[PDB]
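Engineer: Pasting an experimental structure with its sequence.
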There are 2 protein chains.
Amino acid sequence: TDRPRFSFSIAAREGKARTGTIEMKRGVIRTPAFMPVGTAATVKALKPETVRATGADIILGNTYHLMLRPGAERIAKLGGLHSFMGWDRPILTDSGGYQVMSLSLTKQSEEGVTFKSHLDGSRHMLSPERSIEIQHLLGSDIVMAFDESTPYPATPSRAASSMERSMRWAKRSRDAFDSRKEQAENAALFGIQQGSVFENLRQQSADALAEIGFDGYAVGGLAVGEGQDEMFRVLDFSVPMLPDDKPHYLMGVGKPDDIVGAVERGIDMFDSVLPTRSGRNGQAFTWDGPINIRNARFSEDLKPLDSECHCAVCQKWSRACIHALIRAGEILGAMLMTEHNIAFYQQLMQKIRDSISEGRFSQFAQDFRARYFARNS
Amino acid sequence: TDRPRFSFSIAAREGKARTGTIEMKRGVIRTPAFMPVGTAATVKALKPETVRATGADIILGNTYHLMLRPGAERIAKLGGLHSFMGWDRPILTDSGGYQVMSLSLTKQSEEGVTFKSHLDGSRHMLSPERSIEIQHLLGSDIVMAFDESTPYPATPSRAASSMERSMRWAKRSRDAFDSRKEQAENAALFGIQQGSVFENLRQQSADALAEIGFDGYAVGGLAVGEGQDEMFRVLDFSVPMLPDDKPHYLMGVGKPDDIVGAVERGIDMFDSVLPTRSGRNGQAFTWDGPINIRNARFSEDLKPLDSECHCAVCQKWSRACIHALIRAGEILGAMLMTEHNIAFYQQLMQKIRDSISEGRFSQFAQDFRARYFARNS
Ligand SMILES: [Zn+2]
Ligand SMILES: [Zn+2]
């Protein structure tokens, strides 16, 4: 049977939480979804088949890093990110705009930005048009509109002007995407809501995005230093402003309890480097909270990282042996921790989906928090 | 202080057993000595610094395999085996003659042998003169005379003729070695006693070798299928025939109890692939006998491979975690087992040396056998 470009179906709801599917030409994405951050398929990283076996339906590509090395045109000549990452299922790319704020910047205006590569100092340009074109060259299935991030905390004036520029750039992203037939017929485009902590600015942003029209809507400007309390407060009024029948995407979030609370507030999609960064640093996520595998307590602990996790690592490896690998600096140790962490995240999402489907998600969320924060690991 | 070409000193004796040192220009060899079989310094093998840290004072090079790949001239152009194996301490090379019997053979005569490479079918030639020259090109510190092996079991006639040819070839090895000033002044040459299980042939051989004169004397024709009982019986009368004040070398032996009994019979030097072959196959040597680390009993065994071994593996790794590595096919598992096995062999030799020095070696040998064969692992 033929597969659609982008079809979001909601199968069940509990309060603001939703569970369902996004059907795309390269596969189905179960929601709520967690997207691990992808990298080149080399001996340095988990194999793509390993990432898929953790349960991931889609992975994320960082446009900014790919355009500095090896470059978007080079990626295209190699067959796009799907070949480059050895991943034939959907790929979401960010716009590159956040990293130019956080990692580089030679010129800024309504036109776009010019920035210096922190690698070789070379100059690069991004704009709604260039960002959408680069994401096309990467073979992206879900394209993010290019917006303006204002650093945290933002004044009411800075938040107002960045949101308004972002909305003008959202229309430009829309038109650039629509102008490219191969991209418009085969990929999807998400808009990004801005407005910082100000409800009227968030509503303005949401109204603008809905008038332009997108396949999905992200909540931007959070997870940038504000803390969970205020992030939840902003989600409380911001997510209901977005179109109900399209996916809602909270970018760069986050810790497991962040994810649970955001789903309670209507978020459908997530990404975070946390599982990978933690895995390389010897920290494992468990249902009893995170653990530091280097701790002496684990040196003779024959139980797996998490006794309820069904990832391939926990079927086989004890805390004691992962402890030994990590303490010796063996790369296998980091690989096992990273595989478990990504798989744990997918099992979290699966438990979220199942509990919403059964109408017991609010109880799952309470059960989850009580145990995650008690830390009886 | 300047170092001698070859100086064997006996420090202490108990019965036929001796302990002491061989001083050579590239270092001191403690005796009785075990020589692991060396290979090229690549990611496939233990690093040379690891092999040294196990206690090895000297390693063995298989001339036959090195002459098929990459070839003796190629080894020389790379700086000899010391550069090729990353090992700056003494290296003993065999003559290549045993492997032409056991692994290849297009022509055989009193002149030498011509054989077909089991790799690429190419033709090669060995002779006392060519073998000594190749071992020179390899940078060998201890050179083995080229002899004729007769397969086991040998008729009294075949044993007689092979021994006599070997003695004529021993003189030719001696003269070839002596003809090359750079080799004669910096390396040593061992002769090889033959005669199978026949006492008069062994005496004939020993007399011939002593008349030629060598720096050391090997007992050949054992560990080829005969079993330990008969090997010990042959050693009982064969080793006393050799010059007392030169090292005695039992080639290709062997299991730990073989080594102990051979030292009781006057052997000073040993080599065997057993520690490495076992390590790759998941078998570890211990004071309670060998263990198969794949056995289910080890999956939760937090004790090291051997609780009295002081190798770097046993300081750190449990049976349970080596078990997990081996069962997963992780190369680290084989590396750890091989390091422990070679280190265990060196600790065996150290206990042999110390017990002889203290005049308690015969008691050590009895204690060792009772525990090794009870197998309370
Ligand atoms: Zn797991
Ligand atoms: Zn050990």
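Structural biologist: Right, received. Where do you want to start? Numbering: from 1, shown residues only, chains lettered A, B, ... in the order given. Ligands and ions are numbered 1, 2, ... in the order given.
Engineer: Near ligand 1, which residues of the stretch 251-377 of chain A are found?
Structural biologist: Applying C-beta under 5 Å from the ion, we find that the stretch 251-377 of chain A lies next to ligand 1 at A:309, A:311, A:313, A:314, A:340. (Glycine included, C-beta is placed from N, CA and C.)
Engineer: roughly how far apart are residue A:68 and residue B:100?
Structural biologist: From residue A:68 across to residue B:100, the span is 59 Å (C-beta to C-beta, to the nearest Å).
Engineer: Likewise for residue A:310?
Structural biologist: Computed as C-beta to C-beta, the residue A:310 to residue B:100 distance reads 56 Å.
Engineer: okay, those two: which has more neighbours?
Structural biologist: More crowded of residue A:310 and residue B:100, by other C-beta atoms under 10 Å in any protein chain shown: residue B:100, with 23 against 13.
Engineer: what about residue A:310, which SS state?
Structural biologist: coil (DSSP: H, G, I helix; E, B strand; the rest coil).
Engineer: With the one 4 residues further on instead?
Structural biologist: When the structure is reduced to helix, strand and coil (three-state DSSP), residue A:314 reads as helix.
Engineer: so how many other residues sit close to it?
Structural biologist: 25.
Engineer: Without its sequence neighbours, what residue ends up closest to it?
Structural biologist: residue A:304 (3.7 Å; C-beta to C-beta, 6 or more residues apart in numbering or on different chains).
Engineer: again with residue A:125
Structural biologist: residue A:114 (5.2 Å).
Engineer: Please report how far the one you found lies from residue A:162.
Structural biologist: 18 Å.
Engineer: Who has more neighbours out of those two?
Structural biologist: Each of residue A:114 and residue A:162 has its neighbours counted (other C-beta under 10 Å); residue A:162 has more, 22 against 17.
Engineer: Alpha carbons only: can I get stretch A:41-53 in CSV?
Structural biologist: Extracted C-alpha coordinates of stretch A:41-53, given in CSV (Å, rounded to 0.1, in the frame of the first residue of the first chain):
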residue,chain,number,x,y,z
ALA,A,41,27.5,5.9,11.1
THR,A,42,31.1,5.1,12.2
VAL,A,43,32.9,2.9,14.7
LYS,A,44,32.6,5.8,17.2
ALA,A,45,28.8,5.7,17.5
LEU,A,46,26.2,3.1,18.1
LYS,A,47,25.3,1.2,14.9
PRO,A,48,22.1,2.4,13.2
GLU,A,49,20.6,-1.1,13.6
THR,A,50,21.3,-0.9,17.3
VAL,A,51,19.6,2.5,17.6
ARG,A,52,16.6,1.1,15.7
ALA,A,53,16.4,-1.9,18.0
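Engineer: Turn the residues of the stretch 251-377 of chain A next to ligand 1 into CSV, including distance to ligand 2.
Structural biologist: Output for those, formatted as CSV (distance: C-beta to the ion, whole Å):
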residue, distance to ligand 2
A:309, 33
A:311, 32
A:313, 27
A:314, 29
A:340, 30
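Engineer: biggest separation within those residues, which pair?
Structural biologist: Farthest-apart pair in those is A:309 and A:313; separation 7.9 Å (C-beta to C-beta).
Engineer: The two: who's more crowded?
Structural biologist: Of the pair residue A:309 and residue A:313, residue A:313 is the one with more neighbours under other C-beta under 10 Å, namely 23 against 20.
Engineer: For the more buried one, which non-adjacent residue is closest in space?
Structural biologist: residue A:340 (4.2 Å).
Engineer: Report the contact partners of that neighbour.
Structural biologist: Applying C-beta atoms under 8 Å, 6 or more residues apart in numbering or on different chains, one finds that residue A:340 lies in contact with A:279, A:284, A:285, A:305, A:306, A:309, A:311, A:313, A:314.
Engineer: mind redoing it with 6 Å?
Structural biologist: Counting by C-beta atoms under 6 Å, 6 or more residues apart in numbering or on different chains, residue A:340 touches A:284, A:305, A:311, A:313.
Engineer: so how far is residue A:2 from it?
Structural biologist: 37 Å.
Engineer: Next, the contact list for the closest residue to chain B within the stretch 201-350 of chain A, please.
Structural biologist: When scored by C-beta to the nearest C-beta, the stretch 201-350 of chain A has residue A:321 as its residue closest to chain B, at 4.0 Å. With contacts defined as C-beta under 6 Å, 6+ apart, residue A:321 is in contact with B:321, B:324.
Engineer: ok, now residue A:93?
Structural biologist: Counted by C-beta under 6 Å, 6+ apart, residue A:93 has contacts A:61, A:63, A:135, A:138, A:140.
Engineer: Helices of the stretch 1-150 of chain A, start to end?
Structural biologist: A:48-53, A:63-68, A:72-77, A:80-84, A:97-103, A:128-137 (DSSP state H, counting those that start in this stretch).
Engineer: Leaving out the residues flanking it, which one is nearest to residue A:236?
Structural biologist: residue A:265 (6.2 Å).
Engineer: Next: residue A:303.
Structural biologist: residue A:319 (5.9 Å).
Engineer: ok, now residue A:67?
Structural biologist: residue A:134 (5.9 Å).
Engineer: Tell me the spacing between residue A:295 and residue A:309.
Structural biologist: Residue A:295 is 18 Å from residue A:309, by C-beta to C-beta.
Engineer: Kindly apply the preceding question to residue A:264 instead.
Structural biologist: For residue A:264, the distance to residue A:309 equals 23 Å [C-beta to C-beta].
Engineer: rewinding a little: tell me how many other residues crowd the residue nearest to residue A:236.
Structural biologist: Count around residue A:265 with other C-beta under 10 Å applied: 22.
Engineer: Quick check: it touching residue A:237?
Structural biologist: No: using C-beta atoms under 6 Å, residue A:265 is not in contact with residue A:237, being 9.6 Å away.
Engineer: Can you list the buried residues in the host helix or strand of residue A:342?
Structural biologist: Element membership of residue A:342 [criterion: DSSP states H and E] is helix A:331-357. For helix A:331-357, burial by neighbour count (16 or more other C-beta atoms under 10 Å in any protein chain shown) applies to A:332-349, A:351-353, A:355-356.
Engineer: for the residue of the stretch 101-250 of chain A found nearest ligand 2, what are its contacts?
Structural biologist: Nearest residue of the stretch 101-250 of chain A to ligand 2 (C-beta to the ion) works out as residue A:119 at 45.6 Å. Residue A:119 is in contact with residue A:68, counting by C-beta under 6 Å, 6+ apart.
Engineer: Next, it: phi, psi?
Structural biologist: Here is the backbone geometry of residue A:119 (degrees, to the nearest 10): phi -80, psi -70.
Engineer: so the helix or strand encompassing residue A:157 versus helix A:128-137, what angle?
Structural biologist: Element membership for residue A:157 (DSSP H and E) is helix A:156-179. Taking axes from the mean of the first three to the mean of the last three C-alpha atoms, to 10 degrees, helix A:156-179 and helix A:128-137 form an angle of 50 degrees between their directions.
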